Amino acid sequence: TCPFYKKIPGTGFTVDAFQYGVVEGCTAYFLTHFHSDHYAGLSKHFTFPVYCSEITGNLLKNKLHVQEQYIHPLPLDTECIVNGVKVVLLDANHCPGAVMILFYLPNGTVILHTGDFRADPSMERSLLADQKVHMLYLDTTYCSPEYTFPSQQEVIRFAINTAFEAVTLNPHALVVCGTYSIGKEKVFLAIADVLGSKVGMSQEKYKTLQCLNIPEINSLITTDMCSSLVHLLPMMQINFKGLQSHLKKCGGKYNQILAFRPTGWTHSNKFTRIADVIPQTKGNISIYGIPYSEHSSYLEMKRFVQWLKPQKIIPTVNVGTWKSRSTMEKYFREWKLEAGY
Ligand code: NI
């Protein structure tokens, strides 16, 4: 049965609620982004209206074979009417095609559902600025002050400089980047660009990337591994055994691997600066864990909420334990008292 925090009151709407069968009284199902915990349940047999971004709708059609007649893509930053309710989709600064949803309820309440997001000051100048929000359904993934990480830009600087140094020192080194879902494409695209290479990957991953409207993509990715010195692999294969095996397969073209695992947060964040990150090494294989996050840090989340001044907050992440719920509720009260709303 669908949890309350996926239901939008005063409407026929649910958000990211595809794994509960037919939800009683749901007339339209919204999907914020194409990550499996959120799309779980969709397939070619789905026959209710799905509302989403253009990019999300490309993925639904091509990867999950959802029939076109039930996909309703909406433009961003545009007031649209769905089953008689005004809605707007806003960029969530998460993975490609990820949105936040503004609902303008018939009785005058305004509700923001962030989906998954990485809050940014740039959001303070979208259509959010123009009216009051009463209820906020918030991505609280990293809602605790221990969760600090660098900007995306510092993390990509570190990766580019690391890769460029290594390959310039040894032109027979291969760079490998791990992936398991869409998101974090900048990691592998920036490394390939500095090295003057295309990124090589499986046919299934190339298919996924071709749905994302990234400019000049035919110029940056390929399925011809032999012509590429930056290879993408499943995140599970980013370990010494899996990488030793891969290196075998390249037929003596390469004699060293430098690999990157983009994680979100890891406890080496509470001690070490990005400048100071070092790899795990075994033989001719090294592995860097880099803290490339597509969710808000604690400080970014705090700033956004203190800007928005919602009357009520509903967390959507970490809701399963009383200890987490109590922690989060204590931070929301602090933020409210400090800012004065
Ligand atoms: Ni996500």
Side-chain angles (χ1 to χ4, degrees), residues 1-9 11-23 25-76 78 80-83 85 87-103 111-117 137-139 141 179-185 201-203 205-214 234-236 294-295 314 316-317 319-320:
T1 66
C2 184
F4 72 106
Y5 67 78
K6 297 181 176 276
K7 280 169 194 201
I8 306 299
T11 68
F13 302 154
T14 58
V15 181
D16 299 345
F18 299 88
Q19 67 168 284
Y20 304 101
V22 178
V23 179
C26 181
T27 64
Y29 293 77
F30 280 81
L31 178 63
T32 62
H33 72 290
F34 194 77
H35 277 165
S36 64
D37 278 356
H38 301 260
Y39 70 70
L42 275 158
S43 63
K44 67 169 80 181
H45 311 292
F46 202 82
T47 54
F48 296 100
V50 183
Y51 288 84
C52 61
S53 66
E54 171 181 8
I55 288 166
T56 296
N58 295 344
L59 296 154
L60 291 178
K61 178 198 168 165
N62 293 283
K63 303 286 298 192
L64 304 180
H65 303 304
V66 175
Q67 297 169 47
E68 200 139 59
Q69 72 184 123
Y70 307 107
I71 308 169
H72 304 259
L74 313 172
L76 303 189
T78 302
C80 297
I81 308 302
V82 181
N83 297 357
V85 177
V87 309
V88 173
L89 302 188
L90 309 159
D91 203 278
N93 190 40
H94 184 56
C95 64
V99 300
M100 315 195 284
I101 314 165
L102 253 194
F103 302 94
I111 293 171
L112 178 56
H113 193 300
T114 62
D116 282 347
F117 86 140
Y137 290 68
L138 179 60
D139 170 17
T141 298
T179 192
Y180 39 33
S181 52
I182 65 171
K184 310 184 182 192
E185 291 85 3
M201 62 197 65
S202 68
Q203 287 185 260
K205 183 76 180 181
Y206 179 95
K207 180 183 178 181
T208 302
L209 298 186
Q210 288 292 160
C211 307
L212 304 181
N213 299 343
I214 289 175
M235 198 69 92
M236 292 192 70
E294 291 183 340
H295 296 272
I314 299 151
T316 64
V317 185
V319 299

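Both backbone and side-chain heavy atoms feed into the values below; hydrogens, waters and symmetry mates do not. Residue numbers start at 1 and run along the sequence shown.
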Closer than 3.5 angstrom, by distance alone: can the side chain of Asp139 be matched with the main-chain N or O of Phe117 as a donor-acceptor pair?
yes

Centres of the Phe18 and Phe46 rings: under 6.0 Å?
yes

Between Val23 and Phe48, does the side-chain contact (heavy atoms from CB on, under 4.5 Å) criterion hold? Intermediate values first, please.
CA-CA 11 Å; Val23 179; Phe48 296 100; over 6 Å; no

Are any non-hydrogen side-chain atoms of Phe34 and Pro96 less than 4.5 angstrom apart?
no

Once rounded to the nearest 0.5 Å, what's the spacing between atom NZ of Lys205 and atom CD1 of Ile182?
8.0 Å

Any donor-acceptor N/O pair, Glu68 side chain to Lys61 backbone, under 3.5 Å
no

Least distance between heavy atoms, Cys80 atom then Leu74 atom
SG-CD2, 4.1 Å

Please tell me if the side chains of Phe103 and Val15 come closer than 4.5 Å, counting only heavy atoms from C-beta onward.
yes

Any chance you could measure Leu76, atom CG, to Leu90, atom CG, to the nearest 0.5 Å?
7.5 Å

Can you tell if the side chain of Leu64 reaches within under 4.5 Å of the side chain of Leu59, non-hydrogen atoms only?
no

Looking only at heavy atoms, what is the nearest atom pair of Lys184 and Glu294, with distance?
N-OE2, 2.9 Å

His94 and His35 aromatic ring geometry - parallel, tilted or perpendicular at 30°/60° bounds:
perpendicular

Walk me through whether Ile8 and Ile101 qualify under side-chain contact (heavy atoms from CB on, under 4.5 Å).
CA-CA 11 Å; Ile8 306 299; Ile101 314 165; over 6 Å; no

For a quick test of reading the model, state the closest non-hydrogen atom pair linking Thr14 to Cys26 and the distance between them.
OG1-SG, 3.5 Å

Keeping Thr114 on the side-chain end and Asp116 on the backbone end, is there a donor-acceptor pair under 3.5 Å?
no

Sorted by chain and residue number, the ring-ring contact (aromatic ring centres under 6.0 Å, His included) partners of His113 (sequence neighbours excluded) come out as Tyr137

Euclidean distance, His65 NE2 relative to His45 NE2, rounded to 0.5 Å
10.5 Å

When you measure from the side chain of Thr56 to the backbone of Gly97, do you find a donor-acceptor pair of N or O atoms at a distance under 3.5 Å?
yes

Report the relative orientation of the aromatic rings in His72 and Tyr51; use parallel for angles under 30°, tilted for 30 to 60°, perpendicular for over 60°.
parallel

Looking only at heavy atoms, which two atoms of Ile71 and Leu60 are closest? And how far apart?
CD1-CB, 4.1 Å

Report yes or no: does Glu54 contribute a side-chain atom to a donor-acceptor pair with the main-chain N or O of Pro75 at less than 3.5 Å?
no

Would you please test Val99 and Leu31 for side-chain contact (heavy atoms from CB on, under 4.5 Å) and show each step?
CA-CA 9 Å; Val99 300; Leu31 178 63; over 6 Å; no

Does the side chain of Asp16 pick up a donor-acceptor pair with the side chain of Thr32 at under 3.5 Å?
yes

Identify the heavy atoms of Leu89 and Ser53 that sit nearest to each other, and give their distance.
CD1-N, 3.9 Å

Find the distance between CD (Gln67) and OG (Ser43) and round it off to the nearest 0.5 Å.
9.5 Å

Applying side-chain contact (heavy atoms from CB on, under 4.5 Å), run through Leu209 and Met201 and close with a yes or a no.
CA-CA 10 Å; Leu209 298 186; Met201 62 197 65; 3.6 Å; yes

For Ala28 against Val82, the heavy-atom pair lying closest together:
CB-CG1, 4.4 Å

Quick check: do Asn213 and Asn58 have side-chain heavy atoms less than 4.5 Å from each other?
yes

Check: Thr316 side chain, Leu138 main-chain N or O, donor-acceptor pair, under 3.5 Å
yes

Test item: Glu185 side-chain N/O and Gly183 main-chain N/O as donor-acceptor pair under 3.5 Å
yes

